[PDB]
Amino acid sequence: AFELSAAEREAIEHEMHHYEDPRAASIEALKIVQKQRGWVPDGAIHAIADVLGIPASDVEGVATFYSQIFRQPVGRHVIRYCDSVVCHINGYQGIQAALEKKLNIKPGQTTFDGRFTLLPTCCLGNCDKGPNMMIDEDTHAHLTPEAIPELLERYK
Amino acid sequence: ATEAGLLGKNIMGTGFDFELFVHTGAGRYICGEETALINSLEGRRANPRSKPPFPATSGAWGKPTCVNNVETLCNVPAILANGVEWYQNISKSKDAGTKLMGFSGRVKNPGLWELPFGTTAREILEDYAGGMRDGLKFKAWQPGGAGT
Amino acid sequence: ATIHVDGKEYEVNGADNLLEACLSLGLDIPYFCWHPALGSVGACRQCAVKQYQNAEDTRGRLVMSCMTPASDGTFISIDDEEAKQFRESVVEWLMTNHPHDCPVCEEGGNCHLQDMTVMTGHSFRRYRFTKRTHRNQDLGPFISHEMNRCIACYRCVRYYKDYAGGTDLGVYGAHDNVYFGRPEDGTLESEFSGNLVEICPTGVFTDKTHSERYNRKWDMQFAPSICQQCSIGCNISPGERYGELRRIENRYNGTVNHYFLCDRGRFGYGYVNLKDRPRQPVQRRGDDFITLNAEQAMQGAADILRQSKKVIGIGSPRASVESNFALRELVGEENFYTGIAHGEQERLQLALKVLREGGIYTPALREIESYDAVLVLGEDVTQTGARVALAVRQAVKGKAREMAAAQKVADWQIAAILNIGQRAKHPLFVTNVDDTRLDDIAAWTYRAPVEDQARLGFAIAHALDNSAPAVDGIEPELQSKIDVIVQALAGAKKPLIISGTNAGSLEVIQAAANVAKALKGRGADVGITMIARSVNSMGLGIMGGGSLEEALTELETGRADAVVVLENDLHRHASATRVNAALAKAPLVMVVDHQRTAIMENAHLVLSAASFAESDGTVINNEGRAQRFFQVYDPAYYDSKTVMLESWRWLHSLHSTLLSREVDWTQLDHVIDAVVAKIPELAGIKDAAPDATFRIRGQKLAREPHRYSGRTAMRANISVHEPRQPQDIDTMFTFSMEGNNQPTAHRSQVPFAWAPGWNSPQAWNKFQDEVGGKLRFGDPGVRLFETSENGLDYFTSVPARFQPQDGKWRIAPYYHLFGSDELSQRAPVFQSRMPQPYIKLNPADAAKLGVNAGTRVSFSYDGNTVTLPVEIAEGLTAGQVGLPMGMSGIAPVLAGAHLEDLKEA
Ligand code: SF4
Ligand code: SF4
Ligand code: SF4
Ligand code: FES
Ligand code: FES
Ligand SMILES: [Ca+2]
């Protein structure tokens with residue numbers, strides 16, 4: 001049971017205006033649906049395939065190819081902590097252990113209430129201020145494991 | 001820039017029309033490759049393409065398409081304003097220009113500094129990064145990101 | 001171009017890549033992702049060869065032989081240590097996550113991955129960690145899905161999307177978690193999904209119909225045959241085991257059906273393995289049912305035939321040329337009746353007249369893929385002649401191929417071909433009563449009744465050449481569309497016009513002929529293509545005879561007291577009540593057929609004929625190419641009680657016993673010589689295949705592979721004494737492995753593809769002069785007629801505009817791929833695939849009747865108030881009712897007929 005709203009459809013069409021192919025707005029269409037609904041459900045793939053005219057298999061391949069186009073339900077906030085080499089030298093494992101101790105889950109799982117979804121991510125492009133962590137729209141640098149509980153209370 | 005006559009139709013009155021867009025990616029490492037960047041720009045999966053044909057002839061939507069890094073496009077206006085022989089007279093090295101170098105990872109002052117080519121890697125570690133931190137020794141280094 | 005492999009100088013074609021350049025010469029390079037028809041993508045990285053640019057070069061470079069052009073002066077090494085080690089490493093990397101599933105796999109002994117694992121000499125496993133697994137999707141009744149066996153070679157997505165045009169199969173996933181399938185579970189709705197069981201190198205996509213009653217490849221007894229499910233006549237390899245037809249495989253014909261079949265011809269074989277089929281001759285005395293063998297049945301039939309004043313024969317477009325000729329010579333030239341109706345025979349005669357008299361070269365199916373602009377008038381190709389639709393898709397993508405070739409891109413760089421040609425494609429203009437499956441690539445689709453489609457064709461023909469008869473009364477919007485089609489067709493270089501007898505009208509064929517003549521008059525290499533209904537419609541039209549109405553009125557008037565019905569159900573071309581009355585009126589009905597037809601209750605004698613798997617014969621496809629189909633097995637080997645013979649053999653023995661009171665079982669060569677003697681215009685069927693005396697260095701051709709198993713135990717349940725193997729006196733093949741099946745033998749009829757080290761369907765590479773091109777020593781089957789020196793005139797009888805009469809409803813034919821064939825709908829696997837019978841209505845006419853979708857509307861045609869649920873068709877024109885042809889109780893003869901008393905009930 002899915003139906004695109006007015007704002008999502010108008011934004012999708014405006015993204016089709018930017019290119020010479022309606023296929024090229026598929027990634028931004030999926031990002032619009034992810035922004036509105038938290039993730040991309042099953043009917044959204046067919047709705048985007050209907051508005052763009054491309055096959056639904058293409059939309060499914062694009063949606064499942066990219067990591068930050070979520071195809072499964074997430075919590076209220078998605079924590080994306082960096083696990084790459086520079087933050088490993090800076091010790092991201094302490095922050096991962098702190099988040100595992102606080103949220104009492106594993107990387108990739110969601111809490112029973114649906115508050116935080118903990119996920120590793122690639123390099124955040126801020127390696128000089130490592131280690132970093134990207135919550136939904138905010139990046140955090142110079143992290144310490146003791147500041148994790150104080151950091152997680154700013155997202156109810 | 002579009003408001004003040006620098007982007008759009010009839011830029012400055014020369015007769016050149018240029019439209020600039022921002023395509024925000026969906027977070028895949030392989031999207032940085034030029035042919036895979038072209039593939040992801042067209043809304044497909046970011047699989048790279050065979051070369052030849054190179055993107056300069058048949059690139060984005062089969063059209064001539066040139067893919068450049070941000071730092072190259074930031075280097076070009078200094079060349080176009082201050083001249084060519086001035087750009088060739090920055091450092092006495094075969095690779096002309098200035099590169100944004102810097103050391104990172106358990107150093108005293110990690111950061112980003114614009115240095116000419118030919119500066120030794122010890123100078124970036126010592127004069128700018130300050131060397132290793134308190135109680136640390138140096139074992140190895142890697143010049144050009146993770147793929148080096 | 002000249003290349004050097006290991007110091008050997010080879011002359012190659014310089015426009016080709018190195019992989020099939022070496023594969024043409026017989027040089028073995030392992031490969032997964034490359035296909036001769038799809039192209040090269042450089043995915044599997046298995047085709048590595050070490051390239052040198054100088055004659056004195058030590059290092060070289062490991063280059064992809066499917067991605068490197070075979071230019072003049074390349075020194076490549078295949079058996080070098082570095083290249084062999086890298087190929088073994090690639091095989092090992094593909095073998096890291098592969099499951100331990102080979103015994104329980106449907107492609108064991110038919111696996112490409114097995115051949116390339118043994119070819120590289122990799123047998124030691126040092127990988128010790130876990131293997132990734134995947135779930136499976138329910139892809140429908142045809143395709144069994146097992147994703148664990150995949151190697152991510154991207155052939156399925158490439159074929160299904162860039163070749164077949166399908167939209168439901170795609171590539172999803174991640175780095176190593178790559179998935180290949182649908183976004184959900186459900187049936188693969190493409191009409192060419194069946195070729196995935198041979199495109200896929202591994203056992204991911206497998207034949208579920210074969211997987212039901214499964215046997216290995218070496219257990220199969222193969223034969224070369226021609227697919228009987230429609231008029232295209234794609235060459236197939238039926239393979240049987242234990243007395244039942246097991247699997248229809250693709251057979252390489254470089255001119256017709258090179259690498260791809262369709263699903264109706266690949267999965268529609270289930271009617272052969274029905275237990276309701278007559279296997280012995282059965283005679284009726286009143287209500288008593290007795291079984292005879294051949295001799296007493298022949299003698300009794302000859303006695304009753306002698307005790308009648310006139311014996312008439314009703315043939316069929318489903319039966320072969322020899323069987324119809326045997327019926328014609330049994331009943332006389334003037335008393336032979338074609339089983340089709342008057343309208344179908346009129347359309348068939350017109351199509352044959354345009355083909356062999358119109359002066360326009362009709363192309364073969366391989367030649368269709370090179371034509372520029374395609375105009376389809378009336379014919380719904382994708383549901384009747386689906387392979388022509390696939391070739392139409394190829395001819396449409398030919399424009400992007402042309403722009404790619406103009407930019408100095410080689411033809412095997414398929415990724416660059418779709419890269420340059422983003423959405424630009426050749427013009428395709430299809431006309432039908434509703435939306436087609438070719439609408440995704442068609443430049444225009446005209447949804448109109450057959451009169452308006454014919455008038456559109458006449459308008460195109462007049463606007464090309466002003467000497468053509470003009471039609472007056474066209475709206476200016478349709479006139480602008482006419483002008484667009486005219487500008488597209490006149491500016492092309494190889495226009496193609498596709499029509500057929502499935503449109504249900506004669507003026508559509510006349511308009512298509514006029515368009516082809518107008519294109520020919522402007523100096524263009526124009527081709528035409530008529531798609532017939534049944535497999536041997538063209539041969540029956542060439543031979544000729546009366547219509548079914550004349551035979552029925554001879555039976556009803558009393559002048560025919562004996563009728564022989566050869567392989568006809570008689571309800572497909574006439575009403576059931578009239579046929580039942582004319583058969584109960586006749587005092588002798590003799591039905592010679594291999595299927596339990598509905599008229600066998602009225603039959604005084606039932607003769608168990610043989611189907612395509614158990615009979616030899618010749619069939620004429622829709623382009624006039626005579627093709628010989630051979631026997632797969634003797635039905636009497638396992639069930640010794642079974643008296644099941646060829647229909648031409650039945651009729652010839654009956655003719656001999658009627659004349660000289662002796663039973664003479666003839667040979668196929670004698671009947672072939674009789675056809676080419678009595679009928680000058682069927683003389684080409686002698687050259688369709690060589691006679692039974694043809695030998696390859698003294699020995700025959702094997703129907704089963706050299707490692708056929710269980711000879712001394714497959715019949716040990718009946719008797720421990722293994723009998724003599726059956727002898728094939730009709731053809732050059734034998735029911736044994738004591739025969740020749742080498743890839744270098746001087747023959748054209750290949751039962752199956754096998755080479756040492758090549759067990760997959762990719763073993764067809766050894767049977768061709770060049771890989772992907774024609775078959776070695778020529779393709780089988782010859783054209784019956786050539787192009788005439790001069791052509792027909794302009795067909796002047798234009799039709800009128802469709803005005804919907806009140807009360808009467810014109811029946812619009814809605815052909816389906818699964819259900820419109822007489823024999824394919826009898827297959828039990830098609831009952832879970834065919835759609836429900838819906839009558840299709842305009843929204844305006846449904847609102848006028850007050851009926852909504854889902855409710856039942858009853859319609860009466862000749863005293864049959866049959867109810868059907870309603871589907872709404874927006875594209876259907878007002879005043880028509882959409883009916884599916886070939887279904888239960890709805891004959892294809894209903895096309896164009898009226899329909900009174902259409903009320904909600
Ligand atoms: S696909 Fe081939 S290698 Fe894989 S399990 Fe089946 S037979 Fe074995
Ligand atoms: S499913 Fe088969 S055809 Fe598709 S990528 Fe995997 S091995 Fe290749
Ligand atoms: S297109 Fe016709 S002849 Fe060819 S495989 Fe399909 S049903 Fe058989
Ligand atoms: S390595 Fe973590 S921000 Fe770059
Ligand atoms: S056959 Fe060349 S890389 Fe696959
Ligand atoms: Ca025989």
# chains A, B, ... in the order shown; residues from 1 in each chain; ligands from 1
>>> interface_residues(of="chain C", to="chain A", cutoff="8 Å", atoms="only C-alpha atoms", output="PyMOL selection string")
chain C and resi 167-174+182-183
>>> residues_around(residues="residue C:645", least_positions_apart="3", cutoff="9 Å", atoms="only C-alpha atoms", output="VMD selection string")
chain C and resid 294 607 to 610 614 to 615 635 648 to 650
>>> atom_distance(atom1="atom CA of residue A:7", atom2="atom CA of residue A:35")
11.6 Å
>>> interface_residues(of="chain A", to="chain B", cutoff="7 Å", atoms="only C-alpha atoms", output="ChimeraX atom specification")
/A:23-27,61-62,65-69,86,89-90,127-128
>>> write_last_selection(atoms="C-alpha atoms", output="PDB file, in the first residue's frame")
ATOM      1  CA  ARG A  23      16.555   7.634 -15.697  1.00  0.00           C
ATOM      2  CA  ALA A  24      19.187  10.055 -14.370  1.00  0.00           C
ATOM      3  CA  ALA A  25      16.847  11.323 -11.628  1.00  0.00           C
ATOM      4  CA  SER A  26      16.452   7.843 -10.108  1.00  0.00           C
ATOM      5  CA  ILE A  27      19.090   8.322  -7.396  1.00  0.00           C
ATOM      6  CA  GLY A  61      19.333  -2.283  -8.686  1.00  0.00           C
ATOM      7  CA  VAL A  62      20.084   1.400  -8.108  1.00  0.00           C
ATOM      8  CA  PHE A  65      23.586  -0.795  -5.019  1.00  0.00           C
ATOM      9  CA  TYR A  66      24.116   2.339  -2.921  1.00  0.00           C
ATOM     10  CA  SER A  67      24.724   2.037   0.809  1.00  0.00           C
ATOM     11  CA  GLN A  68      22.921   5.166   2.039  1.00  0.00           C
ATOM     12  CA  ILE A  69      19.779   4.401   0.032  1.00  0.00           C
ATOM     13  CA  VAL A  86      42.810   6.863   9.539  1.00  0.00           C
ATOM     14  CA  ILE A  89      44.822   4.617  13.697  1.00  0.00           C
ATOM     15  CA  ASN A  90      42.899   7.225  15.702  1.00  0.00           C
ATOM     16  CA  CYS A 127      40.483  12.342   8.415  1.00  0.00           C
ATOM     17  CA  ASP A 128      42.562  15.208   9.835  1.00  0.00           C
TER      18      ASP A 128
END
>>> closest_atom_pairs(of="chain C", to="ligand 2", cutoff="10 Å", atoms="only C-alpha atoms and all ligand atoms", output="tab-separated table")
residue	atom	partner	partner_atom_place_in_ligand_line	distance
C:32	CA	ligand 2	8 (Fe)	7.7
C:33	CA	ligand 2	8 (Fe)	6.9
C:43	CA	ligand 2	5 (S)	9.6
C:44	CA	ligand 2	8 (Fe)	9.1
C:112	CA	ligand 2	7 (S)	9.6
C:113	CA	ligand 2	7 (S)	8.8
C:145	CA	ligand 2	1 (S)	8.8
C:146	CA	ligand 2	1 (S)	8.4
C:147	CA	ligand 2	1 (S)	6.6
C:148	CA	ligand 2	6 (Fe)	9.1
C:149	CA	ligand 2	7 (S)	7.1
C:150	CA	ligand 2	6 (Fe)	3.9
C:151	CA	ligand 2	7 (S)	4.6
C:152	CA	ligand 2	5 (S)	3.7
C:153	CA	ligand 2	8 (Fe)	3.8
C:154	CA	ligand 2	5 (S)	3.7
C:155	CA	ligand 2	3 (S)	4.1
C:156	CA	ligand 2	3 (S)	4.0
C:157	CA	ligand 2	4 (Fe)	6.4
C:158	CA	ligand 2	3 (S)	8.4
C:159	CA	ligand 2	3 (S)	8.6
C:160	CA	ligand 2	3 (S)	9.7
C:169	CA	ligand 2	4 (Fe)	9.7
C:170	CA	ligand 2	4 (Fe)	9.2
C:171	CA	ligand 2	5 (S)	8.3
C:178	CA	ligand 2	5 (S)	8.6
C:179	CA	ligand 2	1 (S)	7.9
C:180	CA	ligand 2	1 (S)	5.7
C:181	CA	ligand 2	1 (S)	8.0
C:196	CA	ligand 2	3 (S)	7.2
C:197	CA	ligand 2	2 (Fe)	8.7
C:198	CA	ligand 2	3 (S)	8.8
C:199	CA	ligand 2	3 (S)	6.1
C:200	CA	ligand 2	3 (S)	3.6
C:201	CA	ligand 2	7 (S)	5.4
C:202	CA	ligand 2	7 (S)	5.1
C:203	CA	ligand 2	2 (Fe)	7.1
C:204	CA	ligand 2	1 (S)	5.3
C:205	CA	ligand 2	1 (S)	6.6
C:206	CA	ligand 2	2 (Fe)	9.8
>>> residues_near_ligand(ligand="ligand 5", cutoff="8 Å", atoms="only C-alpha atoms and all ligand atoms", output="ChimeraX atom specification")
/C:19,30-35,40-48,64-67,153
>>> write_last_selection(atoms="N, CA, C and O atoms", output="PDB file, in the first residue's frame")
ATOM      1  N   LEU C  19      38.727 -13.406 -29.250  1.00  0.00           N
ATOM      2  CA  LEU C  19      38.180 -14.600 -28.611  1.00  0.00           C
ATOM      3  C   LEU C  19      37.515 -15.519 -29.626  1.00  0.00           C
ATOM      4  O   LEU C  19      37.909 -16.680 -29.768  1.00  0.00           O
ATOM      5  N   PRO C  30      39.158 -20.502 -22.260  1.00  0.00           N
ATOM      6  CA  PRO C  30      38.011 -20.474 -21.345  1.00  0.00           C
ATOM      7  C   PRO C  30      37.366 -19.097 -21.305  1.00  0.00           C
ATOM      8  O   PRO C  30      38.047 -18.070 -21.345  1.00  0.00           O
ATOM      9  N   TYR C  31      36.039 -19.086 -21.221  1.00  0.00           N
ATOM     10  CA  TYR C  31      35.280 -17.844 -21.247  1.00  0.00           C
ATOM     11  C   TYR C  31      33.935 -18.071 -20.578  1.00  0.00           C
ATOM     12  O   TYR C  31      33.356 -19.154 -20.694  1.00  0.00           O
ATOM     13  N   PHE C  32      33.448 -17.054 -19.869  1.00  0.00           N
ATOM     14  CA  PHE C  32      32.109 -17.106 -19.296  1.00  0.00           C
ATOM     15  C   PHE C  32      31.206 -15.999 -19.821  1.00  0.00           C
ATOM     16  O   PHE C  32      30.157 -16.296 -20.394  1.00  0.00           O
ATOM     17  N   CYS C  33      31.599 -14.732 -19.680  1.00  0.00           N
ATOM     18  CA  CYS C  33      30.668 -13.629 -19.887  1.00  0.00           C
ATOM     19  C   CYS C  33      30.408 -13.323 -21.353  1.00  0.00           C
ATOM     20  O   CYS C  33      29.387 -12.705 -21.668  1.00  0.00           O
ATOM     21  N   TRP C  34      31.296 -13.730 -22.249  1.00  0.00           N
ATOM     22  CA  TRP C  34      31.125 -13.431 -23.661  1.00  0.00           C
ATOM     23  C   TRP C  34      30.137 -14.397 -24.298  1.00  0.00           C
ATOM     24  O   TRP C  34      30.120 -15.590 -23.986  1.00  0.00           O
ATOM     25  N   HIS C  35      29.299 -13.867 -25.183  1.00  0.00           N
ATOM     26  CA  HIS C  35      28.397 -14.664 -25.989  1.00  0.00           C
ATOM     27  C   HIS C  35      28.495 -14.186 -27.431  1.00  0.00           C
ATOM     28  O   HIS C  35      28.714 -12.992 -27.667  1.00  0.00           O
ATOM     29  N   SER C  40      30.625  -8.433 -26.032  1.00  0.00           N
ATOM     30  CA  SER C  40      31.687  -8.507 -25.040  1.00  0.00           C
ATOM     31  C   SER C  40      31.520  -7.390 -24.021  1.00  0.00           C
ATOM     32  O   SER C  40      31.190  -6.256 -24.380  1.00  0.00           O
ATOM     33  N   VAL C  41      31.746  -7.713 -22.750  1.00  0.00           N
ATOM     34  CA  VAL C  41      31.642  -6.725 -21.682  1.00  0.00           C
ATOM     35  C   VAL C  41      32.881  -6.787 -20.800  1.00  0.00           C
ATOM     36  O   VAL C  41      33.117  -5.890 -19.983  1.00  0.00           O
ATOM     37  N   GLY C  42      33.678  -7.838 -20.964  1.00  0.00           N
ATOM     38  CA  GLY C  42      34.902  -7.982 -20.190  1.00  0.00           C
ATOM     39  C   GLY C  42      34.679  -8.178 -18.707  1.00  0.00           C
ATOM     40  O   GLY C  42      35.370  -7.557 -17.891  1.00  0.00           O
ATOM     41  N   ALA C  43      33.728  -9.033 -18.337  1.00  0.00           N
ATOM     42  CA  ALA C  43      33.328  -9.170 -16.940  1.00  0.00           C
ATOM     43  C   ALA C  43      34.055 -10.312 -16.235  1.00  0.00           C
ATOM     44  O   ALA C  43      34.698 -10.099 -15.206  1.00  0.00           O
ATOM     45  N   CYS C  44      33.969 -11.526 -16.778  1.00  0.00           N
ATOM     46  CA  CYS C  44      34.447 -12.696 -16.048  1.00  0.00           C
ATOM     47  C   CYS C  44      35.967 -12.777 -15.969  1.00  0.00           C
ATOM     48  O   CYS C  44      36.480 -13.528 -15.133  1.00  0.00           O
ATOM     49  N   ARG C  45      36.687 -12.041 -16.826  1.00  0.00           N
ATOM     50  CA  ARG C  45      38.156 -11.979 -16.840  1.00  0.00           C
ATOM     51  C   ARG C  45      38.796 -13.358 -16.991  1.00  0.00           C
ATOM     52  O   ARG C  45      39.877 -13.614 -16.458  1.00  0.00           O
ATOM     53  N   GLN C  46      38.133 -14.253 -17.721  1.00  0.00           N
ATOM     54  CA  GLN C  46      38.601 -15.618 -17.912  1.00  0.00           C
ATOM     55  C   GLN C  46      39.344 -15.811 -19.226  1.00  0.00           C
ATOM     56  O   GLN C  46      40.132 -16.754 -19.347  1.00  0.00           O
ATOM     57  N   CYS C  47      39.160 -14.911 -20.190  1.00  0.00           N
ATOM     58  CA  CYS C  47      39.684 -15.079 -21.539  1.00  0.00           C
ATOM     59  C   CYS C  47      41.072 -14.471 -21.717  1.00  0.00           C
ATOM     60  O   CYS C  47      41.417 -14.034 -22.823  1.00  0.00           O
ATOM     61  N   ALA C  48      41.880 -14.442 -20.659  1.00  0.00           N
ATOM     62  CA  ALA C  48      43.173 -13.771 -20.702  1.00  0.00           C
ATOM     63  C   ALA C  48      44.158 -14.510 -21.597  1.00  0.00           C
ATOM     64  O   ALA C  48      44.325 -15.728 -21.486  1.00  0.00           O
ATOM     65  N   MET C  64      42.620  -9.112 -22.502  1.00  0.00           N
ATOM     66  CA  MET C  64      41.366  -9.835 -22.640  1.00  0.00           C
ATOM     67  C   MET C  64      41.148 -10.151 -24.112  1.00  0.00           C
ATOM     68  O   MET C  64      41.056  -9.235 -24.936  1.00  0.00           O
ATOM     69  N   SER C  65      41.061 -11.438 -24.451  1.00  0.00           N
ATOM     70  CA  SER C  65      40.899 -11.800 -25.854  1.00  0.00           C
ATOM     71  C   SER C  65      39.504 -11.490 -26.376  1.00  0.00           C
ATOM     72  O   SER C  65      39.321 -11.392 -27.593  1.00  0.00           O
ATOM     73  N   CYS C  66      38.517 -11.328 -25.497  1.00  0.00           N
ATOM     74  CA  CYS C  66      37.206 -10.885 -25.945  1.00  0.00           C
ATOM     75  C   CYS C  66      37.117  -9.374 -26.086  1.00  0.00           C
ATOM     76  O   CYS C  66      36.139  -8.879 -26.653  1.00  0.00           O
ATOM     77  N   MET C  67      38.115  -8.637 -25.601  1.00  0.00           N
ATOM     78  CA  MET C  67      38.103  -7.185 -25.645  1.00  0.00           C
ATOM     79  C   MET C  67      39.224  -6.605 -26.494  1.00  0.00           C
ATOM     80  O   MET C  67      39.293  -5.381 -26.649  1.00  0.00           O
ATOM     81  N   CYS C 153      28.386 -13.428 -13.999  1.00  0.00           N
ATOM     82  CA  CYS C 153      28.902 -13.238 -15.346  1.00  0.00           C
ATOM     83  C   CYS C 153      28.042 -12.303 -16.185  1.00  0.00           C
ATOM     84  O   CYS C 153      28.402 -12.022 -17.334  1.00  0.00           O
TER      85      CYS C 153
END
>>> residues_around(residues="residue C:342", least_positions_apart="2", cutoff="12 Å", atoms="only C-alpha atoms", output="list in words")
residues 337, 338, 339, 340, 344, 345, 346, 347, 348, 349, 504, 506, 541, 545, 546, 547, 548, 549, 550, 551, 552, 573, 574 and 893 of chain C
>>> residues_near_ligand(ligand="ligand 3", cutoff="7 Å", atoms="only C-alpha atoms and all ligand atoms", output="PDB file with C-alpha atoms, in the first residue's frame")
ATOM      1  CA  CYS C 227       9.225 -26.762 -33.842  1.00  0.00           C
ATOM      2  CA  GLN C 228       5.553 -27.253 -34.672  1.00  0.00           C
ATOM      3  CA  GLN C 229       3.958 -24.649 -32.419  1.00  0.00           C
ATOM      4  CA  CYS C 230       3.779 -21.880 -35.039  1.00  0.00           C
ATOM      5  CA  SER C 231       4.822 -21.032 -38.596  1.00  0.00           C
ATOM      6  CA  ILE C 232       8.361 -19.733 -37.994  1.00  0.00           C
ATOM      7  CA  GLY C 233       9.789 -23.252 -37.842  1.00  0.00           C
ATOM      8  CA  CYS C 234      12.680 -22.796 -35.439  1.00  0.00           C
ATOM      9  CA  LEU C 261      13.885 -20.112 -29.099  1.00  0.00           C
ATOM     10  CA  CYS C 262      10.668 -18.813 -27.542  1.00  0.00           C
ATOM     11  CA  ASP C 263       8.787 -20.148 -24.529  1.00  0.00           C
ATOM     12  CA  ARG C 264       5.835 -21.611 -26.456  1.00  0.00           C
ATOM     13  CA  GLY C 265       8.183 -23.742 -28.551  1.00  0.00           C
ATOM     14  CA  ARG C 266      10.497 -24.617 -25.664  1.00  0.00           C
ATOM     15  CA  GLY C 385       5.615 -15.328 -34.351  1.00  0.00           C
ATOM     16  CA  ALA C 386       7.661 -14.185 -31.323  1.00  0.00           C
ATOM     17  CA  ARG C 387      11.098 -14.872 -32.826  1.00  0.00           C
TER      18      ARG C 387
END
>>> interface_residues(of="chain C", to="chain B", cutoff="7 Å", atoms="only C-alpha atoms", output="list in words")
residues 419, 420, 421 and 422 of chain C
>>> select_by_dssp(residues="stretch 219-350 of chain C", states="strand (DSSP E or B)", output="PyMOL selection string")
chain C and resi 221-222+225-226+235-241+244-250+282-285+288-291+311-314+336-337
>>> residues_near_ligand(ligand="ligand 6", cutoff="6 Å", atoms="only C-alpha atoms and all ligand atoms", output="CSV table (one decimal) with N, CA, C and O atoms, in the first residue's frame")
chain,number,residue,atom,x,y,z
C,615,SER,N,7.7,-39.2,-35.6
C,615,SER,CA,7.5,-39.2,-37.1
C,615,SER,C,8.5,-38.4,-37.8
C,615,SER,O,9.0,-37.4,-37.3
C,616,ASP,N,8.9,-38.8,-39.0
C,616,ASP,CA,9.7,-38.0,-39.9
C,616,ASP,C,8.8,-37.3,-40.9
C,616,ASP,O,7.8,-37.8,-41.3
C,631,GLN,N,12.8,-38.4,-36.5
C,631,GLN,CA,12.2,-39.1,-35.4
C,631,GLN,C,13.1,-39.2,-34.3
C,631,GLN,O,14.4,-39.3,-34.4
C,728,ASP,N,16.2,-47.4,-38.4
C,728,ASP,CA,15.5,-46.3,-39.1
C,728,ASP,C,15.8,-46.4,-40.5
C,728,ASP,O,16.8,-46.0,-41.1
C,730,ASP,N,13.9,-44.9,-42.8
C,730,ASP,CA,13.4,-43.7,-43.5
C,730,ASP,C,14.5,-42.7,-43.6
C,730,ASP,O,14.6,-42.1,-44.7
>>> residues_near_ligand(ligand="ligand 4", cutoff="12 Å", atoms="only C-alpha atoms and all ligand atoms", output="MDAnalysis selection string")
(chainID A and resid 80:93 120:134 139:143) or (chainID B and resid 104:105 145:146)
>>> residues_around(residues="stretch 146-148 of chain A", least_positions_apart="6", cutoff="9 Å", atoms="only C-alpha atoms", output="list in words")
residues 95, 98, 99 and 102 of chain A
>>> select_by_dssp(residues="stretch 724-796 of chain C", states="helix (DSSP H, G or I)", output="PyMOL selection string")
chain C and resi 761-767
>>> atom_distance(atom1="atom CA of residue C:403", atom2="atom CA of residue C:1")
24.1 Å
>>> atom_distance(atom1="atom CA of residue C:247", atom2="atom CA of residue C:133")
29.1 Å
>>> closest_residue(among="C:292, C:353, C:215, C:492", to="residue C:103", atoms="only C-alpha atoms")
C:215
